[PDB]
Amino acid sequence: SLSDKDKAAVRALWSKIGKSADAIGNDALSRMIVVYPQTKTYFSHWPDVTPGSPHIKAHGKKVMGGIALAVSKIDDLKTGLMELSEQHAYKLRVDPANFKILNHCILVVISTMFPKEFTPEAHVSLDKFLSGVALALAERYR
């Protein structure tokens, strides 16, 4: 659960890097199937499931904005994300265990981009939120 501190902490950093929210996702989405090339199972219908390609990069945007929507509705990611929950749970039935991996590559990519803003303090807060974003996604899975 994200305290207040957190909301601020998070929110107050989204501020900084929201402009790079596009590029951040194509890079996090790339580091996902490089180091963890078994998450490529869901993407297997994309001829170019390879680092920073048309699909992978284009998708990058509609996942980071997905992280945008979340960051806004942080006070209620379950209500705010519920539509995604249908999406990943009743459509592209994505094993929840994979969201951790993605987060993981989203922290790393933001470090390598904003090594000064992404502090430990914005680490624990961002981390909590990320887990936050995962559970909501796993709202209607089962």
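Under this definition, the rigid core comprises the largest set of C-alpha atoms superposing within 1.5 Å between the forms. So that there is no doubt, residue numbering starts at 1 and follows the sequence shown.
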* Stretch farther from the shown model on average in 8 other deposited structures of this protein, with CA RMS computed after core superposition (41 to 49, 60 to 68) -> 41 to 49
* If you line up the core and then measure how far each C-alpha sits from this form in 8 other deposited structures of this protein, which stretch comes out higher, 103 to 111 or 89 to 97? -> 89 to 97
* To do: Identify the stretch, either 99 to 107 or 85 to 93, whose C-alpha atoms have the larger mean B-factor according to the entry.
  => 85 to 93
* When the C-alpha temperature factors are averaged for each of 128 to 136 and 114 to 122, which stretch ends up with the higher value in the entry? -> 114 to 122
* Asked: Looking at 31, 61, 55, 40, which has the highest CA B-factor as recorded?
  -> 61
* To do: For residue 13, return the chain-relative third of its C-alpha B-factor as stated in the PDB record: lowest, middle or highest.
  => middle
* Relative to the other modelled residues of the same chain, rank the CA B-factor of residue 74 and answer lowest, middle or highest third. => highest
* Ordered by C-alpha B-factor within the chain, which third holds residue 49? Give me lowest, middle or highest, please. => highest
* residue 35 CA temperature factor, ranked by third within the chain -> lowest
* To do: Pull the Cα B-factor of residue 65 out of the PDB entry and bin it into the chain's lowest, middle or highest third.
  => middle
